[PDB]
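Participant: Handing you a structure now.
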Amino acid sequence: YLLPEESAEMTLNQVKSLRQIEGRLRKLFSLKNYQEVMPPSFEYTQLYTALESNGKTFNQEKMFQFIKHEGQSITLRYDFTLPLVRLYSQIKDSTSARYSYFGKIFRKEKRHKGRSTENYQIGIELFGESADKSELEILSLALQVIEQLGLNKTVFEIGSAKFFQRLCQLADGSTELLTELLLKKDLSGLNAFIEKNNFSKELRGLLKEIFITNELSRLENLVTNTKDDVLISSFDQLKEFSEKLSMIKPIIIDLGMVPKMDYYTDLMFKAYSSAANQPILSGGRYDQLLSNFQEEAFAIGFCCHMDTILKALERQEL
Amino acid sequence: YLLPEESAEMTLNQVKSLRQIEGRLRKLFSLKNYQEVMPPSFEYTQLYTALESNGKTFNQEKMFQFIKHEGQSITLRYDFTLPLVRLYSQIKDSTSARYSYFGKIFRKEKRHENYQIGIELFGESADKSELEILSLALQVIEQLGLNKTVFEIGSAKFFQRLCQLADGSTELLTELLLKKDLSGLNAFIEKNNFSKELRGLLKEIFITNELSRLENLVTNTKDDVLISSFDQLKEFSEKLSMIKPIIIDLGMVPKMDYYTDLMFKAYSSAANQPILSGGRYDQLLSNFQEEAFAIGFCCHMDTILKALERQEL
Amino acid sequence: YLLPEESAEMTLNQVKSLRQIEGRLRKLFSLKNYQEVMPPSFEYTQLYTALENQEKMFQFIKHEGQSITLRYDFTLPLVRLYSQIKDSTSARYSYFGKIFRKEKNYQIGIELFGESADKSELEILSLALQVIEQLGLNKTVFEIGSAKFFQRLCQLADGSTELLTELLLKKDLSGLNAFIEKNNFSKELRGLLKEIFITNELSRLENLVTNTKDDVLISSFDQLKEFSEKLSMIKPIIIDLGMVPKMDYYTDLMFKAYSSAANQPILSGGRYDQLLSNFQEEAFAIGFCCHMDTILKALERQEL
Amino acid sequence: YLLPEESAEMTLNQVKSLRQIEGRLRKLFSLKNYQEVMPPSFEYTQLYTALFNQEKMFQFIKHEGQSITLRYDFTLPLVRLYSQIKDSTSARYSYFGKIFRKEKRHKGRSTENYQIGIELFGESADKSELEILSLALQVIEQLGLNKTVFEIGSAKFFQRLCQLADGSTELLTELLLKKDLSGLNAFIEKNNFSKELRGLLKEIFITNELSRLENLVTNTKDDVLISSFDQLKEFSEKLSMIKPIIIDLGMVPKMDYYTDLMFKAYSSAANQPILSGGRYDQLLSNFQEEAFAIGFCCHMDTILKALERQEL
Amino acid sequence: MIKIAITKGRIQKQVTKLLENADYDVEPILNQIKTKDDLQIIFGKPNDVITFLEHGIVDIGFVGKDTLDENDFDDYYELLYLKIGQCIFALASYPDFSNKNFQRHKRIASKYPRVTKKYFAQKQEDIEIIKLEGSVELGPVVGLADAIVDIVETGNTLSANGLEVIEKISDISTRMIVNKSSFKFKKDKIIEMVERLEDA
Amino acid sequence: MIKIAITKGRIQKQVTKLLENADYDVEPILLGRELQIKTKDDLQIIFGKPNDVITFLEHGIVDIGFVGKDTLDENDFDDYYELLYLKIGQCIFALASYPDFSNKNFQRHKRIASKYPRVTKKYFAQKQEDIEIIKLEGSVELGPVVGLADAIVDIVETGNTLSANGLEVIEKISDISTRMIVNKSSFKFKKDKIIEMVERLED
Amino acid sequence: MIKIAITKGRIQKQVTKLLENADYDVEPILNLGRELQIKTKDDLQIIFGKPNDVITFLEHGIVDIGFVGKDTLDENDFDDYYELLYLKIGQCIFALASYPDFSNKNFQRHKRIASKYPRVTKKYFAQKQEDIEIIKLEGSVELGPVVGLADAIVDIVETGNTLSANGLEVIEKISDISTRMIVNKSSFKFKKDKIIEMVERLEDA
Ligand SMILES: O=P(O)(O)OC[C@H]1O[C@H](OP(=O)(O)OP(=O)(O)O)[C@H](O)[C@@H]1O
Ligand SMILES: O=P(O)(O)OC[C@H]1O[C@H](OP(=O)(O)OP(=O)(O)O)[C@H](O)[C@@H]1O
Ligand SMILES: O=P(O)(O)OC[C@H]1O[C@H](OP(=O)(O)OP(=O)(O)O)[C@H](O)[C@@H]1O
């Protein structure tokens, strides 16, 4: 008759369609040599809480947990990356690993709203492979997946945490603030911000702009004018990606991008659908994570938010 | 690092393998017109403990549950058939439904996830249904890729009737059959004033499936119900022989208390547990909608995969 | 830091005050021959089933893999403890502790098993009234009711107990009228229903009941009337025919006492033979319980 | 039917007898001006783990979805309750209840541990230690146990001892706990320990004769050790009139946060201590500021057990 | 004395009115008061009147069934019930509603999620409830939801939008709720007022 | 072939004995230090302690296994078939203690010692009485002799061990005897041989 | 007087022996069999039993001093005692035995080890960082790897004659084993004298 509220219900069609895409992506992933892995459904909460990012993504209040026999605190799959990162540590051969996953994560969201609790994701991880090769391989794949999804109007955005980080330090080290500013594109708070400080013309001109434009030429200049090696350097890496992947799909460069996670190493990227409010795909490189376990290696990957993608597929037909 | 005793860990190869069979089965199912449905991950405890069993008190000890914001008891998917039986009650047009599912349930084990693949069939014609499911079940097995397997079928009507005839001691006989407790049976028979026939049968169903041997023993009882129930199974043994020799287990104990009549399970020699268990259970549909024909099986992927490994060696 | 929504903190004075009452009550009980028992803190979830929700009880799993629960109730463990006696004699138990439940609990009670029918009821009614006088509350009322009367009331109400119960609980006067409408009930039965909802005046009720030309109801009111008379000297008793049995297993007598300073009852009890039957045979089970929390909350809200 | 291993069952008499002792003790505490406090039944597990093992404590999840635990300890909540009072005065608390912790089955171990104890926060250093030791001794006289001993030790002495022993506390600790005489010898063997330090180590393990220890201590010529010992010696002489005190230099502080004074009282009819206490200022500075915290605890389960094994 | 709380809305009038038709010193001079009949009255929003009664800030409280049904509070008595007005909870939507048979669960927008839930429960149909505090008609208009559950009095609000009642949920009307403990002791006065307020 | 495991104890004798009378190839040298052997009837046999015999059968190490009811009731394992049951040993589970047991009315909880905790517990359950179970791996008679426990739950065959200590049976718990348990899977596929041997051993 | 418990096995011999060289009324040989409790001229009410039973007895204070092997003291969860003396006699040791090709083989599934001491096996595989499956065996743990039941085992290796005879070799020494003298804490608190006296004497020999 009636099921709980914290349970999403997919319609046959939704299932048929979700199961289609999987087929396409599955064939694609297997072709690029990614091995699928199924993470345990329960994890020791100690594993999830050891994290705090640049926002709101790892609090014990979003996760469903309870007590086991010996009496410890276990939690329902809250994230896919970690377990795959762990798996990679348990390896005794220093070789690259190509993992992929097709499941859902369980996190709590307020009541009486279109917010879903059951989040079905599809994503891949890449551990150990070469530095540049890595970044390129993932960005490519990410674009390929988007082509198989079947959404009409989509955008692929990339960015640099270093550029972000650097930017921050140039802004009087006010990262706690600049971040809030960038997240809300709070234009009136940024102006106020700039007023209280004695920022150079260039830096000020740059801040003001990165919040509202991705036109390469325009940004290119603003950057080189800061005469800052770091900022110009990071920006050129993005430009390079823009150029190398331009033939596949027009890339967009968002310098005002705020690192979803506080551990992102440098490259970060997300793609949006004109028919969805949330991103259909997000990913980037996060070597840092590999550190919590095994040594320093190149870790990067993305994740597809199927719920949103399917939602976009419907709001799309209408 | 370190994981729980609650969580299971499949190796790349196992997943590769699992995902392979799904492919084959998905193809099969879609070919037979079975739509896949994805049941919610959370359910109201009131739905499980309630429908699962009867007359007694079902167990909330095997299921992971907790409380919600409003203050209710929710449970992680404990079962697949129910939510699909529900999904069928919510339908208006009185037509047949062919559902399938590919996921896992969550139960606690007391000393050591449970990934299942199954299909349900609601509404279709009685005769046609039983035959349809048994074919399909047989067809699935051939895609699994296991070398030595057996397909067993039984009848709850036979079992139920068997119990009444036996001084209605179903509580006990069930326990005997379950442990194949031969000496216990002997003692059971001794205390009672049963017939030669009834006795001769009891002793046999416990240890053999030879069609001929049983056929007689049954007809000798001159019981319309037992001979009836048996023939229906004999019929299935004949119609499905060409596909794969079917085995009849008159000493089969209905897994669920709500099984209507036909019930079956398939085993692998490299598997202790059954790789495929199903049967007809109209009763369930009753919990919501009216009386209709509900029948379906379930493949226990875990066991099947375990069988595939312990097999290669 | 902060504390769980489940953890209640008493102030030194609350404790001093709680411990005082116990003291007075311990002396009272021991004088009436009630022996105190300390029921285990853990119990098998399977036992808390006799009361007919696991969502109100704290529970977890043991080493072997079972469902244990924090003391959710006091009566059962004591009833159990009485079963474990093959000596067919009366027992007078008392308990001073707390139970663990969830909603949005220190209790002090007594149980009486095996004693004579009529003597039991009277003894407990007395004791409940003597305890109240040791509490220290200024304005309180002692109400008594009859499940039989309630039950008989329902069957006469076209047996739609599920509804009237909901009506009496909310004193939903308009709903009752409507209810009387749809089912043309006899003038008497109707007349009674409208009243029991809003009055305990013995003279007023007495008549309405004897008019119902019903042996059961009149019989039940009489048992309460009697009580009213025999205990009147101790404390004016109040008869509430509109009382809804708190527990589905109450035999007949049931009672609760309230303070003007506390929304909830400070004392609730009654006879529930039914419970005894879960273990042993049929015997007379009856005993009340004081809700200390409420009693102390009332003591405070009282002084101001 | 029956009952679960997780629960202990006291007999009427056991209840009568426990409640009796509480009475005497209640009168005693109220006379010394000790106010009783009843700590919450549930605590945020974060409070317990933060100073143990979550594997000994019963826990579960609350509505909002956090980890709450059944009272596992009495001292903490009371310490907390003292932090909530900004009045920089002395506080005398007492508690009569039980804590819940898990144990192994079929060994006869209990889950529900009834305790009665007192805490003292804020009072003078020198005065506190004396008052507590006094009360502890008085309490024991009300229990009604025939043969008992009252042992006191110093954590600084222990700690000093450890540093003097090549600072290998991890090991010496284990040695003293098991009184591993042969393990001690071997320990002495491996590192070039000095005659004095050696003769001490060997001795503290198996004796409490004041005179004997006195010398051994002064011979080490260590200010800390002789200092610690004297403090103890003093208590020995001051409370000697009440009850012959016993000094255990081979005493291993039960809790890692013990400041210095620590003690335990045993019964000849009980394998576990009937009373154990000590000063632990460290706890207080985990909320408020540095103050003098000291208080004991009476293990009723053990005490009663002793009272029975005593009559036979 | 007797403490009363009334909802500031249209109900305040019904009450002040009824109190008049039965004699009590009506005082519409406000912009907490006392009357000559010992009635310290207080005013506020329904959910607030209830909140006052819950915390015993008052003994009697006059609110609408519509709120009482939505509000999770249950610890009170519903003695009197002045059947004034004609509001009714209903399920509104576009005419082509019942004829359309989509392939999934429907979404309803409502100011009363609990009622909306409770109703769709007896009807066997899990749904997505979207809450709206203002004008719920927009739900289906803007495309937010398929249907709505709101209070329909004259129906002048739905028609004007192209919506129609699909089914009557329940009858709505102003009620007289009373705090339990207040009724236990002040049972006389509370009853006296009930009997008087009833003669009208 | 058929893999069988037998308990090294007295039961080893009953089985090797029964097999004999069954016309089966006994190799009695089985007074022969190897752990694994073979017979002419395709019977790879193994030996060990009951709880182990059971462990071997549980993991599919062997198809048939001969162990005692006393162990089968205690061991928490359940997943097997108890086909045959050679009623030989006159062992029985019982509650032994000093004569003055039932007459004493203690206010405490009667603690019983036993080598079978689960059977002691299970038995005291149906009898309505929570108790303290003290486990003793051997000579459980001491329990009451040293004062460790008030009574005990052990197996009584002749009763020569209890009387020699002043102990007497208080109540018979259940009959004990050597049983033939079979691994379920082994029975769905080797169902023939398993039965064949079952019918023979039945004589 | 002093109540002592000794393990019936070989250990019994070791003790009876050491007691002799310490000059005691060692008389367990004469009332050897059906008798479980015996008194001496030195006020020693001695009792015999299996190790785990000796410890049980000591735990409940049925006896003040107990002689058991380290192998059991590590496995048995009990911990509330004093390991005063330590007669270094038996050269037994905990080891991880298995077939030679063990360390050379790469396993896919988890290594299942058979053992009579699951807690030691567990404890040992913890410090080595490796979650494993422990199969309990009360009898001859050598069979585990033989029949196919387990890959390796955790047992006590004295001479190594049992392993070699089956084609098994030690993979790693876990810890040294030896008969110890455990004492009940409380008993040591009040009867500290005698207990020490005996400890000093048993050490002399
Ligand atoms: O009498 P009817 O024509 O059927 O109108 C009834 C509706 O009008 C009122 O809301 P309103 O539109 O005033 O919005 P509000 O609740 O935000 O004040 C009322 O709450 C109903 O929703
Ligand atoms: O002949 P019965 O009267 O049945 O006695 C046989 C006893 O011997 C065995 O125990 P154990 O190996 O511990 O030897 P024990 O006789 O010294 O107890 C067995 O468990 C019985 O307890
Ligand atoms: O290294 P070794 O000197 O050869 O001695 C060690 C062996 O002795 C023990 O056997 P147990 O007493 O359990 O007898 P069993 O081997 O016959 O089971 C132990 O289980 C080893 O198998």
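Labels for the structure tokens follow display order: chains A, B, ..., residues from 1 in each chain, ligands from 1.
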For ligand 3, return the neighbouring residues as a PyMOL selection string (distance at most 7 Å; only C-alpha atoms and all ligand atoms).

Facilitator: chain G and resi 139-142+155-163

Participant: When you look at range 79-82 of chain B with a cut-off of 7 Å (counting only C-alpha atoms), what residues show up, excluding the ones that are within fewer than 3 positions of it in the same chain? I need them as a tab-separated table (two decimals) with C-alpha atoms, in the first residue's frame.

Facilitator:
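Dumped everything to result-v3.tsv:
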```tsv
chain	number	residue	atom	x	y	z
B	39	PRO	CA	12.16	-2.49	-5.50
B	85	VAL	CA	3.51	-8.59	-5.38
B	86	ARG	CA	2.61	-5.12	-4.14
B	105	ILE	CA	18.41	-8.30	0.00
```

Participant: As an exercise, work out the distance from CA of residue 301 in chain D to CA of residue 136 in chain D in Å and give it to one decimal place.

Facilitator: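 So the answer is 17.2 Å.
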
Participant: Can you work out which residues are within 9 Å of ligand 1, considering only C-alpha atoms and all ligand atoms, and then hand them over as a list in words?

Facilitator: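 The neighbouring residues of ligand 1 are, in order, residues 87, 88, 111, 133, 134, 135, 136, 137, 150, 151, 152, 153, 154, 155, 156, 157, 158, 159 and 160 of chain E.
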
Participant: Write the residues of the selection above to a file with N, CA and C atoms, as a short mmCIF file (atom, residue, chain, number, x, y, z; two decimals), in the first residue's frame.

Facilitator:
```
data_model
loop_
_atom_site.label_atom_id
_atom_site.label_comp_id
_atom_site.auth_asym_id
_atom_site.auth_seq_id
_atom_site.Cartn_x
_atom_site.Cartn_y
_atom_site.Cartn_z
N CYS E 87 -16.19 24.87 4.87
CA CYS E 87 -14.92 24.43 4.30
C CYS E 87 -14.89 22.92 4.26
N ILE E 88 -14.12 22.38 3.32
CA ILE E 88 -13.93 20.94 3.21
C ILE E 88 -12.62 20.63 2.52
N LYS E 111 -0.80 22.24 1.47
CA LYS E 111 -0.42 23.05 2.63
C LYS E 111 -0.50 22.15 3.86
N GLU E 133 3.24 26.70 1.25
CA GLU E 133 2.65 27.43 2.36
C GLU E 133 1.66 28.49 1.93
N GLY E 134 1.76 28.92 0.67
CA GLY E 134 0.90 29.99 0.19
C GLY E 134 -0.35 29.63 -0.58
N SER E 135 -0.28 29.72 -1.90
CA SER E 135 -1.41 29.39 -2.74
C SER E 135 -1.02 28.08 -3.37
N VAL E 136 -1.70 27.01 -2.99
CA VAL E 136 -1.34 25.71 -3.52
C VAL E 136 -1.80 25.47 -4.96
N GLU E 137 -2.72 26.31 -5.45
CA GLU E 137 -3.23 26.16 -6.82
C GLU E 137 -2.11 26.19 -7.85
N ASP E 150 -6.29 20.71 -0.81
CA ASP E 150 -6.37 21.99 -0.11
C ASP E 150 -7.78 22.13 0.45
N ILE E 151 -8.09 23.23 1.14
CA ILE E 151 -9.45 23.41 1.66
C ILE E 151 -10.31 24.19 0.67
N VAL E 152 -11.39 23.56 0.21
CA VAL E 152 -12.29 24.20 -0.74
C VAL E 152 -13.55 24.63 -0.04
N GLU E 153 -13.84 25.93 -0.08
CA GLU E 153 -15.03 26.45 0.58
C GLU E 153 -16.14 26.76 -0.42
N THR E 154 -15.89 27.71 -1.31
CA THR E 154 -16.87 28.09 -2.33
C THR E 154 -16.49 27.49 -3.67
N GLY E 155 -15.20 27.21 -3.84
CA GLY E 155 -14.71 26.65 -5.09
C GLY E 155 -14.36 27.74 -6.09
N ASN E 156 -14.50 28.99 -5.65
CA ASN E 156 -14.20 30.15 -6.48
C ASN E 156 -12.74 30.31 -6.79
N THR E 157 -11.90 29.57 -6.07
CA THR E 157 -10.46 29.64 -6.29
C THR E 157 -9.96 28.61 -7.30
N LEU E 158 -10.62 27.46 -7.36
CA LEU E 158 -10.21 26.42 -8.29
C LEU E 158 -10.68 26.67 -9.71
N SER E 159 -11.98 26.96 -9.84
CA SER E 159 -12.58 27.22 -11.15
C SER E 159 -11.82 28.34 -11.86
N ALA E 160 -11.56 29.41 -11.11
CA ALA E 160 -10.85 30.55 -11.65
C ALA E 160 -9.48 30.16 -12.18
#
```

Participant: With only C-alpha atoms as the counted atoms, please give the residues lying no more than 9 Å from residue 108 in chain E, apart from itself and same-chain residues fewer than 4 positions off, as a PyMOL selection string.

Facilitator: chain E and resi 116+127-131+139-140+144-149

Participant: For the residues in the current selection, export N, CA, C and O atoms as a short mmCIF file (atom, residue, chain, number, x, y, z; two decimals), in the first residue's frame.

Facilitator:
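What ended up in result_26.cif:
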```cif
data_model
loop_
_atom_site.label_atom_id
_atom_site.label_comp_id
_atom_site.auth_asym_id
_atom_site.auth_seq_id
_atom_site.Cartn_x
_atom_site.Cartn_y
_atom_site.Cartn_z
N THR E 116 -2.89 15.14 3.41
CA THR E 116 -2.68 14.67 2.05
C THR E 116 -2.16 13.24 2.08
O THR E 116 -2.57 12.41 1.28
N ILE E 127 2.45 8.40 -2.92
CA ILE E 127 2.66 9.59 -3.75
C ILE E 127 3.77 10.50 -3.22
O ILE E 127 4.27 10.31 -2.11
N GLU E 128 4.16 11.48 -4.04
CA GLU E 128 5.20 12.44 -3.67
C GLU E 128 4.50 13.73 -3.23
O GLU E 128 3.81 14.36 -4.02
N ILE E 129 4.64 14.10 -1.97
CA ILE E 129 3.99 15.32 -1.52
C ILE E 129 4.94 16.49 -1.57
O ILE E 129 6.06 16.42 -1.07
N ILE E 130 4.49 17.57 -2.20
CA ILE E 130 5.29 18.78 -2.31
C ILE E 130 4.56 19.81 -1.46
O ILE E 130 3.37 20.04 -1.65
N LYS E 131 5.27 20.42 -0.51
CA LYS E 131 4.62 21.37 0.36
C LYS E 131 4.61 22.80 -0.14
O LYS E 131 5.60 23.31 -0.67
N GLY E 139 0.65 24.83 -7.78
CA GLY E 139 1.26 23.52 -7.92
C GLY E 139 1.10 22.95 -9.32
O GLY E 139 2.08 22.77 -10.04
N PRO E 140 -0.14 22.65 -9.73
CA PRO E 140 -0.47 22.09 -11.04
C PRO E 140 -0.33 23.13 -12.16
O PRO E 140 0.00 22.79 -13.29
N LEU E 144 4.58 22.17 -11.21
CA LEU E 144 5.20 21.56 -10.04
C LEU E 144 4.56 20.22 -9.70
O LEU E 144 5.27 19.22 -9.52
N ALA E 145 3.24 20.18 -9.62
CA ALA E 145 2.52 18.95 -9.28
C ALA E 145 1.33 18.63 -10.19
O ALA E 145 0.85 19.48 -10.95
N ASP E 146 0.85 17.39 -10.09
CA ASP E 146 -0.27 16.89 -10.88
C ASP E 146 -1.63 17.26 -10.31
O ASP E 146 -2.55 17.59 -11.06
N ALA E 147 -1.74 17.17 -8.98
CA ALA E 147 -2.98 17.48 -8.28
C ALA E 147 -2.70 18.13 -6.94
O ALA E 147 -1.55 18.21 -6.51
N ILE E 148 -3.76 18.60 -6.27
CA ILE E 148 -3.62 19.22 -4.96
C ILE E 148 -4.67 18.76 -3.94
O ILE E 148 -5.72 18.22 -4.28
N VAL E 149 -4.33 18.99 -2.68
CA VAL E 149 -5.18 18.68 -1.54
C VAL E 149 -5.17 19.99 -0.78
O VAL E 149 -4.15 20.35 -0.20
#
```

Participant: Report as a list in words which protein, DNA and RNA residues come within 6 Å of ligand 2, using only C-alpha atoms and all ligand atoms.

Facilitator: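 The residues near ligand 2 are residues 138, 139, 154, 155, 156, 157, 158, 159, 160 and 161 of chain F.
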
Participant: Selection from above, C-alpha atoms, as a CSV table (one decimal), in the first residue's frame, can you write it?

Facilitator:
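Below you can see part04.csv, which holds the result:
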```csv
chain,number,residue,atom,x,y,z
F,138,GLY,CA,36.5,-32.6,32.5
F,139,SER,CA,35.3,-34.6,35.5
F,154,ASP,CA,26.6,-34.7,32.4
F,155,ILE,CA,26.0,-38.1,30.8
F,156,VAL,CA,25.3,-41.0,33.1
F,157,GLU,CA,25.9,-44.5,31.6
F,158,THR,CA,26.2,-46.8,34.6
F,159,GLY,CA,26.1,-44.2,37.4
F,160,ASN,CA,29.3,-45.6,39.0
F,161,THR,CA,30.9,-42.2,38.8
```

Participant: Give me the residues within 8 Å of residue 280 in chain D as a PyMOL selection string, counting only C-alpha atoms and dropping any in the same chain fewer than 4 places off.

Facilitator: chain D and resi 257-260+284+292-294

Participant: Okay, now the selection with N, CA, C and O atoms, as a JSON list (two decimals), in the first residue's frame?

Facilitator:
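The result, stored in result11.json:
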```json
[["chain", "number", "residue", "atom", "x", "y", "z"],
["D", 257, "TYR", "N", 44.86, 8.23, 33.59],
["D", 257, "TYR", "CA", 44.75, 9.62, 34.02],
["D", 257, "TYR", "C", 44.85, 9.88, 35.52],
["D", 257, "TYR", "O", 44.57, 10.99, 35.97],
["D", 258, "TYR", "N", 45.24, 8.87, 36.28],
["D", 258, "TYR", "CA", 45.38, 9.06, 37.71],
["D", 258, "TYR", "C", 46.49, 10.06, 37.94],
["D", 258, "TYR", "O", 47.55, 9.97, 37.33],
["D", 259, "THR", "N", 46.24, 11.02, 38.83],
["D", 259, "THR", "CA", 47.21, 12.06, 39.13],
["D", 259, "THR", "C", 48.36, 11.53, 39.98],
["D", 259, "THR", "O", 49.52, 11.60, 39.58],
["D", 260, "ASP", "N", 48.03, 10.99, 41.15],
["D", 260, "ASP", "CA", 49.04, 10.46, 42.06],
["D", 260, "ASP", "C", 48.41, 9.42, 43.00],
["D", 260, "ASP", "O", 48.44, 8.22, 42.73],
["D", 284, "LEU", "N", 39.16, 16.62, 35.11],
["D", 284, "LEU", "CA", 38.59, 17.95, 35.23],
["D", 284, "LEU", "C", 39.06, 18.91, 34.15],
["D", 284, "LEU", "O", 38.26, 19.68, 33.61],
["D", 292, "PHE", "N", 41.39, 20.09, 41.96],
["D", 292, "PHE", "CA", 41.66, 18.81, 42.63],
["D", 292, "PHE", "C", 40.48, 17.85, 42.61],
["D", 292, "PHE", "O", 39.52, 18.03, 43.36],
["D", 293, "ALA", "N", 40.56, 16.82, 41.77],
["D", 293, "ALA", "CA", 39.48, 15.83, 41.67],
["D", 293, "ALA", "C", 39.89, 14.48, 42.27],
["D", 293, "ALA", "O", 40.89, 13.88, 41.88],
["D", 294, "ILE", "N", 39.09, 14.00, 43.21],
["D", 294, "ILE", "CA", 39.37, 12.73, 43.84],
["D", 294, "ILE", "C", 38.11, 12.09, 44.41],
["D", 294, "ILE", "O", 37.30, 12.76, 45.04]]
```

Participant: Up to 12 Å from chain B, what residues of chain D turn up? Count only C-alpha atoms and give them as a ChimeraX atom specification.

Facilitator: /D:60-66

Participant: If we count only C-alpha atoms, what is near residue 189 in chain A at a cut-off of 12 Å, once residues fewer than 2 positions away on the same chain are taken out, given as a PyMOL selection string?

Facilitator: chain A and resi 177-187+191-196+207-208+211

Participant: Convert the current residue selection to file output with N, CA and C atoms, as a short mmCIF file (atom, residue, chain, number, x, y, z; two decimals), in the first residue's frame.

Facilitator:
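Writing the result to selection24.cif gives the following:
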```
data_model
loop_
_atom_site.label_atom_id
_atom_site.label_comp_id
_atom_site.auth_asym_id
_atom_site.auth_seq_id
_atom_site.Cartn_x
_atom_site.Cartn_y
_atom_site.Cartn_z
N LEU A 177 36.34 32.61 3.15
CA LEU A 177 35.40 33.56 2.59
C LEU A 177 35.28 33.43 1.08
N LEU A 178 36.38 33.64 0.37
CA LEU A 178 36.37 33.54 -1.08
C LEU A 178 35.53 32.35 -1.50
N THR A 179 35.68 31.26 -0.77
CA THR A 179 34.91 30.06 -1.06
C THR A 179 33.42 30.33 -0.97
N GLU A 180 32.95 30.80 0.18
CA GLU A 180 31.53 31.09 0.28
C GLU A 180 31.15 32.00 -0.88
N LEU A 181 31.97 33.02 -1.14
CA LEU A 181 31.71 33.95 -2.22
C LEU A 181 31.51 33.24 -3.55
N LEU A 182 32.47 32.39 -3.89
CA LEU A 182 32.42 31.65 -5.13
C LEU A 182 31.28 30.66 -5.24
N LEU A 183 30.86 30.13 -4.11
CA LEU A 183 29.79 29.17 -4.11
C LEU A 183 28.45 29.79 -4.35
N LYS A 184 28.28 31.02 -3.91
CA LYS A 184 27.03 31.71 -4.09
C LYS A 184 27.17 32.76 -5.17
N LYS A 185 28.33 32.80 -5.81
CA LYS A 185 28.56 33.80 -6.84
C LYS A 185 28.10 35.13 -6.24
N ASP A 186 28.17 35.23 -4.91
CA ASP A 186 27.77 36.45 -4.23
C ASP A 186 28.53 37.64 -4.81
N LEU A 187 28.00 38.29 -5.83
CA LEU A 187 28.69 39.43 -6.43
C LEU A 187 28.80 40.63 -5.50
N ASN A 191 32.38 42.38 -4.05
CA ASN A 191 32.71 43.79 -4.20
C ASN A 191 33.15 44.29 -2.84
N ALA A 192 32.32 44.01 -1.84
CA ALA A 192 32.61 44.40 -0.46
C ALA A 192 33.96 43.83 -0.04
N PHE A 193 34.19 42.58 -0.41
CA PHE A 193 35.44 41.92 -0.10
C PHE A 193 36.56 42.76 -0.65
N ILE A 194 36.55 42.99 -1.95
CA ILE A 194 37.60 43.75 -2.58
C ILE A 194 37.81 45.15 -2.01
N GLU A 195 36.74 45.78 -1.57
CA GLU A 195 36.81 47.12 -0.98
C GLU A 195 37.68 47.15 0.29
N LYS A 196 37.43 46.21 1.20
CA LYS A 196 38.17 46.10 2.45
C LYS A 196 39.66 45.80 2.28
N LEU A 207 39.22 38.43 -10.09
CA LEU A 207 38.17 37.97 -9.19
C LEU A 207 36.82 38.29 -9.79
N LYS A 208 36.55 39.58 -9.97
CA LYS A 208 35.29 40.08 -10.53
C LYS A 208 34.79 39.30 -11.73
N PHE A 211 33.95 34.90 -11.63
CA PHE A 211 32.64 34.55 -11.11
C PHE A 211 31.61 34.49 -12.21
#
```
